[PDB]
Amino acid sequence: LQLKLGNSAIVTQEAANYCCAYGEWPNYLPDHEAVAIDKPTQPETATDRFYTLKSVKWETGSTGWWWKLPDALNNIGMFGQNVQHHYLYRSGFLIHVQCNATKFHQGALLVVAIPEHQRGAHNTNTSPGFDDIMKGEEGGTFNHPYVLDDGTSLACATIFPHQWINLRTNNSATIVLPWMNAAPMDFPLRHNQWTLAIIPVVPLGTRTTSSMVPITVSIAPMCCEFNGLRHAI
Amino acid sequence: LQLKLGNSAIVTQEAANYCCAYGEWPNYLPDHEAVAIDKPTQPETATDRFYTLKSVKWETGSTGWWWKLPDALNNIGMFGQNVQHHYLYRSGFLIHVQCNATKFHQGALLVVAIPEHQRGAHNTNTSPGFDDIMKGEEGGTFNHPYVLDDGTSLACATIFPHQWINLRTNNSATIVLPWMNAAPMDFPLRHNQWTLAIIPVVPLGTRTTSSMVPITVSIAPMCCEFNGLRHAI
Amino acid sequence: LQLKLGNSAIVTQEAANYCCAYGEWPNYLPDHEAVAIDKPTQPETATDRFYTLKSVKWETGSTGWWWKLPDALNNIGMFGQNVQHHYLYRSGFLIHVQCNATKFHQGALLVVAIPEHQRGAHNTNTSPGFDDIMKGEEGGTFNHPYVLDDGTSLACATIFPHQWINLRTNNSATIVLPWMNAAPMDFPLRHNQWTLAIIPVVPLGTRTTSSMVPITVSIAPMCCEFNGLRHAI
Amino acid sequence: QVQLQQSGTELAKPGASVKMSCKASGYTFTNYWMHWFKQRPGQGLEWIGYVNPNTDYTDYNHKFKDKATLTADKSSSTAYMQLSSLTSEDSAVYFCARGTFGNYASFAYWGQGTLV
Amino acid sequence: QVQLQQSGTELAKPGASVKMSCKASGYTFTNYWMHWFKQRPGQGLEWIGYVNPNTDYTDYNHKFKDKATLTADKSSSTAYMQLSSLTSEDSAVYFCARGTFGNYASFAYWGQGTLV
Amino acid sequence: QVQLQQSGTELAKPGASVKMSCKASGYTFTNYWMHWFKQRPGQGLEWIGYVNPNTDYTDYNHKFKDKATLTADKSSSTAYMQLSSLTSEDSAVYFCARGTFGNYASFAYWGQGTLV
Amino acid sequence: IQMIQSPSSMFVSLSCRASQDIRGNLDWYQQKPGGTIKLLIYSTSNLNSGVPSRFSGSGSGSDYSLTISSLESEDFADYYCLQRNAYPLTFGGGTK
Amino acid sequence: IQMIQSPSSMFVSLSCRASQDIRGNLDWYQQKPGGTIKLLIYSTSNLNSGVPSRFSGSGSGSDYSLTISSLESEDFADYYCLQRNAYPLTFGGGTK
Amino acid sequence: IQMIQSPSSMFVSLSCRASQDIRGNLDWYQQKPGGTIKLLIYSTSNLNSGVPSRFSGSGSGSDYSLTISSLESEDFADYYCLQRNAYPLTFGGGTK
Amino acid sequence: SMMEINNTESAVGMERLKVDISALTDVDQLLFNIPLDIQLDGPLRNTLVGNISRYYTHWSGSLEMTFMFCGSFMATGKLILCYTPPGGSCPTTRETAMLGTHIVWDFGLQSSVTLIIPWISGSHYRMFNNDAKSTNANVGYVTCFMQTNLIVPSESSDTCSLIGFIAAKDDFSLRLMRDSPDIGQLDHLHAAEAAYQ
């Protein structure tokens, strides 16, 4: 009942299932000598560590949260240092979301992971700037969660890989994400493939007022590799 | 964990046991050509449906409930229509009693099924009328439950087929009833073989006042048959 | 889930383990004809009965309890009568400590058994008298539990055979004690080998005030024998 | 449809008693408590007490302990309330309401009122 | 048999102090709290405080914070109560009662009283 | 380090309004409620209300329902409070405190005060 | 327990205090001048099945209030409150 | 918290109110004129072991009462109440 | 709810009552004459991280108090209380 | 893909996806009903099966509905879930609805149920000379009544909620592709001729 991955280990979970997004794992670049032919360094022992983020607060009037996954780890730790002085990467992720409330709370979350989530501004003709997208570690907040901030409805948002956190039954979710991009290797400082988003469908309630019910998100790059920084001559 | 019988299905019970009253099932009339020799129609697919009755209320001062089993289903559904325009029937039953209270309630019921329960009036020399016996779907209420309304005590009432609903341990009971009569086929509008009776021995209690603890009774005729209404010439 | 030993039986426990103090059982005196050669009577059927003691009260400000094991049973029952008119005994014990609190209490006990616990008086040059040691069935109370009333610390007191009662997880402990003495048979009215001591490390707490959380101690002599009172000539 | 039909108005000289009725139809009568109210003309209302027709246990307000009694009939499906020792200050309208299945006091069905 | 034997009566000039005792026998003394009461002659009673002889924690009423102190002896099995700065209004009877095993305040055993 | 820096003092003629600010730095602003206080010079203090900057729900004291409004900015990390219809009795010092992560009202970090 | 309702007449936020805490447990009634009564708000925030959706109620520990957005002709009626926390259950004074 | 008992003397339903709710938690005592006190009712409805069974107590949220069916000679004694809900615990005035 | 604090000035057990029961849920504050406020006791018995350990608080159902062993020069400051049980939350009068 | 159970008016936002069942609710009161119509405005308009089957004209297949209860762990109670075949009309009382095809689902044991819908069909039927529309007749209903009251302890809140799902089975078929009217014809695009200049 623990996830010992490298240096750190998130211990003592509830029973959980590795629901692979779609049907695949990271795979480590099977054969491309036609592109960027300086063999990828492929670091493996010094990146896989479950970078746990800040705990967020779930109150009655809360409305949703979103993180951009290559963006949330650009300034954190050993993966954050390899984003500078490298310009190509290739990695898949693993996400473990776990809230904790007693047996007197009630509610439901939708933990969904959205590939290529192009956002949209409400009621204007101007595209979103650089600062409304690259928020960072803190993430963001849905302004209009019913339309997922781009017009496509939430009722059909179960077509993506998703799990439910229903506080009557469970309090944990786990999604494994493969490399979802058209190009074989991508640029980390300006493109964001996945977009982890959690949305409370049924809001919480109790007899007293505004119980926090804090949530924890933990992200770990699975099978990462970068360009080569060391060459013979 | 469901009882799919025909058209309807009472789903999601607690673990339960088919304690057969005495030692037998319905059996379908093995061999009597000497009596009523128009072969019984034997309907099987259009009667077995778990006719659920109205939910009754269990308060502190409540005292008991009773139903007459061929009488409680004379005006309900497809079994209720076959009682008119037929005058002989033969069936056994299945009873599923289920109350629901939290882990802060306390109490105990006695779910007993009484063959040929001839009632008696208190402190008079007049036999009970037609209206004090044929109550119908709503059932009745014990006036003096300690003597079962006929003088025979409740302390010895475990000689009949019975189960206990103890709200500390379980909240469900299930009794299967065979054909208990001297004659092979009987008349449904004037004779009542069984008499389902539930009696709270230990009354309930909680810190607050008069919690309802509603109860549900569900009855289903097992292996029913009637006379023949269609003949050649 | 019951401990049927002879006449009495402590029924309906939680799952428990016979953690033998050190590595041995009573053993019944394998071969000593060189000492006290009137063969030991060895009573077996009329001593082994789980003499349950009085229930003690655990409040917030409580500080500890101790019993001397050959002394706590000198005046109780059939073992108490064999201490008079016999002067040599040989027995091992079995201890079952069980407290009972709900799922809203919190605390922790240390159930330790101390061989040859020579006590000490605080801040004086006078050895303890006969009345400060032979307390009896009622036991005693630690005045300074942090030093175990003799200077040796409580932090190192897990070198003795011990179990934990943590009210989050369990509420029961069981220790089996062998014959721990240098001499083969000992004198019951003036020497006390073991010393059962229970010490609340984390004190209890609840929202309301001073919940009792009563505790029960049960002692049973395992493989007892005495001198011979009947001889031929 | 749930209907709470009360009797017509009546009046009485002081020193007497009077009895009214709140006949209910449209539901199962033995499941719900029957609360009774009092409104002086031009002021707010006041709780008198209820009757539990499943058990015939009654619970009164402390001011109306000696004035009113509360009964309930199962056959005619009618709840009664009888006053005693009428004075000048008993001239009011008297209501009857219905509880809930679970024994909570939130009233969705009402009577029309009966002057005294 | 549970008995709560108090001392005989005594009186004192103002400006002094006095000490009484409520000796208990028939049960295990270190399990039950020892509550103390006050009744002015002709009026109702009043709670002063208790002593916990298992721990020697005391909890006083707010009126009697500076007047009375409360101790408890384990060896002689006797609970004491000492007043201070006696005035004219301290002339009353003083009681002693016993709690329950679980720390509830319902009193089944009592003393006889001691005038001041 | 948690700091609650308020604005300097100001005064106004009656019949006007005024707005202040309690700028916070050193923590994540959208997790904690922002309570506001009032102390007349020489007396005790009084709770006005709070603002929830995660949701912009406010809850006011009943005396200050019509006087003060409460807003909260996420970008500048600053909580505001605007009075209305100033009188002679509004001359006081106004504080700002911080709640806890779990929504409890025990205040460990404070402002310096702003006279009116 | 006593409950007071601060406005005596109305010419649109009708508040009522309480002597103690009541932990929700408050209903809002209305009385037409013909003599008919139906409730509007139950458990201090929810709405009855069949009410125009302009009504809304606030929540606190001890000071509750009703909020009406727009007015109307037959909206003009005296409004009462009720605590169902502990018997004896008491109404309020009423407005308008 | 203060408790008041409405009859001051008796010449047989003795009621006592309360300032707050007490959720059961009330005892009934009696004092013989010799000076002996024993309780009669504990937790507002139960009976003590060794009492004549004519005594009975009612229950509510805040207004409790004692019911005596028949009277007797040495039944004549002043009766007190007690709330054990929150410290400081207070008696009542007493009757008779 | 109203809370009163019995001494008005001090020249060292500062007690404060309450109108109701508050079940713990009381804090002790202090105000330096420069204008700085920090709390001393939270949840009626615990101590804040960074206080001299001579302060201590008592506990009851409704009557709480502060205990100071030894005095000091800059110990001289007006001391307040607070109940956080039910909104609106109210302070006390203060001493010294 | 979840549907919009709360079909009342003035439900704005994501409050349409849930129905509340408060403690103060009387027995045998209807909670909701779903008219099984894809092309019409209701709970099944904006789902995933009701947007792909706008592009096609004829549809025929079987469906599969799933409910889920989002209350606290202590709370119990029962419901009842009926299915009306396409001939008869929607039942109004609980007793007249029990004689249909029902299941009696409680809360304490399971928190999810599954209800197989046997068969649907549909078309568009432009049969006259002019431009007229002939709506298909209403096939089926799924309605829900309150069997017993909701029972919560003194600590949980007294309001719970339901969520409904829908998914077609593996014999759902489609034919004769057309164009969907879902957005609207055309509106103002801010830079509608980026390419030309």
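Residues numbered from 1 in each chain as written, not as in the entry; some residues may be left out. Chains lettered and ligands numbered in written order. Part of a larger assembly, values for the part shown. Heavy atoms only, no water.

Trainee: Please explain the overall build of chain D as it appears in this structure.
Mentor: Helices and strands together make up the secondary structure of chain D, namely zero helices and nine strands. The order of helices and strands in chain D, counted from the N terminus, is β-β-β-β-β-β-β-β-β. The C-alpha atoms of chain D give a radius of gyration of 14 Å, which matches the 13 Å a tight globule of 116 residues would have. Oriented by its inertia axes, the alpha-carbon framework of chain D measures out at about 35 × 30 × 25 Å. Of all 116 residues assigned to chain D, the portion counted as buried reaches 49%. Across chain D, every contact between residues at least 6 apart in sequence was considered, and the portion connecting residues at least 24 apart equals 49%. Counting only carbon and sulfur atoms, one obtains 48% of the accessible surface of chain D, whose full area is about 5,400 Å². In chain D, which carries 10 positive and 8 negative side-chain charges, the distance between the mean positions of the two groups comes to 3 Å. (Helix = DSSP H or I, 4+ residues; strand = E, 2+ residues; numbered from the N terminus. Rg over C-alpha atoms; globule rule 2.2 N^0.38 Å. Buried < 20%, exposed > 50% of the residue type's maximum accessible area, 1.4 Å probe, protein only. Contact = heavy atoms within 4.5 Å. Areas by Shrake-Rupley, 256 points an atom, 1.4 Å probe, with all protein chains shown as cover. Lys, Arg positive; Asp, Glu negative; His and termini not counted. Charge placed at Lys NZ, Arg CZ, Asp CG, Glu CD.)

Trainee: Is there a simple way to think about the interface of chain B and chain J in this case?
Mentor: Quite often, the size of an interface is put as the accessible area lost when its parts meet. Opposite the 26 residues of chain B that make contact, chain J presents 22 residues. Looking at the side of chain B facing chain J, the largest losses of area belong to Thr12, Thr52 and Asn100 of chain B, adding up to 25% of the total buried there. Summed over the shared surface of chain B and chain J, the number is zero salt bridges. Counting the contacts that link chain B with chain J gives nine residue pairs in polar contact. Contributing elements (two or more residues each) for the side of chain B that touches chain J: β2 (8–11), β4 (51–52) and α1 (77–83) of chain B. When residues in the side of chain B that touches chain J are grouped by element, the largest group, four residues, is from β2 of chain B. The residue inventory of the side of chain B that touches chain J, partitioned by class, reads eleven nonpolar, eleven polar and four charged. Strand direction decides the pairing type here: β2 of chain B and strand β5 (residues 101–106) of chain J, joined by two bridges, are parallel. Paired with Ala9 of chain B across the strands is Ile103 of chain J, a residue of β5 of chain J. (Buried area = accessible area lost by both parts, 1.4 Å probe. Salt bridge = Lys/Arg side-chain N within 4 Å of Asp/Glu carboxyl O. Polar contact = N/O pair within 3.5 Å; in protein donor to acceptor, adjacent residues only side chain to side chain. Nonpolar A, V, L, I, M, F, W, Y, C, P; charged D, E, K, R; others polar. Pairing = 2+ DSSP bridges.)

Trainee: Is there a simple way to explain the interface of chain J and chain A in this structure?
Mentor: Taken together, the 33 residues of chain J in the interface contact 27 residues of chain A. Summed over both partners, the interface of chain J with chain A buries about 2,600 Å², with 62% contributed by carbon and sulfur atoms. Among the residues chain J hides against chain A, the three largest losses belong to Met2, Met14 and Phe73 of chain J. Together they make up 23% of the total. On the surface where chain J and chain A come into contact, there are five residue pairs in polar contact. Those elements that place two or more of their residues in the side of chain J that touches chain A are β3 (56–69) and β8 (161–168) of chain J. The greatest single-element share of the side of chain J that touches chain A, amounting to three residues, is contributed by β8 of chain J. Of the residues that constitute the side of chain J that touches chain A, the class distribution is 14 nonpolar, 15 polar and four charged.

Trainee: Which parts of the structure should I look at to understand unusual backbone geometry?
Mentor: Working note: non-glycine residues mostly have negative phi, and peptide bonds are mostly trans. The omega torsion of the bond from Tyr87 of chain H to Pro88 of chain H falls at 0 degrees, within 30 degrees of zero and hence cis. Following the sequence through the fold, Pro88 of chain H ends up in the segment after β7 (78–83). Of note, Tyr22 of chain B is a non-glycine position whose phi angle comes to about 55 degrees, a positive value. Along the chain, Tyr22 of chain B falls in the loop between β3 (19–20) and β4. Even without a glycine there, the phi angle at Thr44 of chain H is positive, about 65 degrees. As for its placement among the helices and strands, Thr44 of chain H is situated in the loop between β3 (37–42) and β4 (46–47). Taking relative accessible area as the criterion, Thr44 of chain H reaches 10% and is therefore assigned buried.

Trainee: Would you explain the arrangement of the chains in this entry?
Mentor: For the 19 pairs of chains in contact, the largest share of contacts goes to chains A and J. For chain A and chain I, which are not in contact, the least C-alpha distance works out to 10 Å.

Trainee: Any chance you could explain the pattern of salt bridges here in plain terms?
Mentor: Oppositely charged side chains can form a pair if their charged atoms are brought close together. Per the stated rule, a full pass over the model turns up 23 salt bridges over all chains. Across the pair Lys57 of chain C and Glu59 of chain C runs a salt bridge, and its minimum N-O distance is 3.5 Å. As far as burial versus exposure is concerned, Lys57 of chain C and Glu59 of chain C are alike and both buried. Here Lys18 of chain J and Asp20 of chain J are joined by a salt bridge, their closest N and O atoms 2.9 Å apart.

Trainee: Please explain the nonpolar core as it appears in this structure.
Mentor: Within soluble globular proteins, side chains that are nonpolar generally end up buried alongside one another. All names here are of chain B. Within the largest apolar cluster, 37 residues are counted, with the highest numbers of intra-cluster contacts made by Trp58, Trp67, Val111, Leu177 and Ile215. Secondary structure elements with two or more residues in this core: β5 (65–68), α1, β7 (93–99), β8 (106–113), β10 (172–177), β11 (195–205) and β12 (215–221). The element best represented in this core is β7, accounting for four residues. Residues contacting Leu177, with those up to four places away along its chain left out, are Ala21, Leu69, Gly92, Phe93, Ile95, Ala113 and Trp194. (Core = buried A, V, L, I, M, F, W, Y, C linked by side-chain atoms within 4.5 Å.)

Trainee: Hey, could you run me through the packing of aromatic side chains in this one?
Mentor: Describing an aromatic ring pair means giving the distance of the ring centres and the angle of the ring planes. Scanning all chains against the criterion turns up 52 aromatic pairs over all chains. Plain terms: the ring middles of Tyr87 of chain C and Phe187 of chain C are 6.3 Å apart, the flat faces sit at 20 degrees to each other, and that makes the pair stacked. On the criterion of sequence distance, the pair formed by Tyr87 of chain C in the loop between α1 (77–83) and β6 (89–90) and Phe187 of chain C in the loop between β10 (172–177) and β11 (195–205) is long-range, its members being 100 residues apart. On the basis of relative accessibility, which here comes to 31%, the residue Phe187 of chain C falls in the partly exposed class. With centroids separated by 6.4 Å and ring planes inclined at 90 degrees, the aromatic side chains of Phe95 of chain F and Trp110 of chain F adopt a geometry described as edge-to-face. Taken together, the residues span a long stretch of sequence, with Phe95 of chain F in strand β8 (residues 93–98) and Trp110 of chain F in the loop between β8 and β9 (114–115) at a distance of 15 residues. We note that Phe95 of chain F, like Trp110 of chain F, is buried. (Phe/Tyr/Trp six-rings, centres within 6.5 Å; stacked < 30°, edge-to-face > 60°.)

In short, geometric facts, not functional conclusions.
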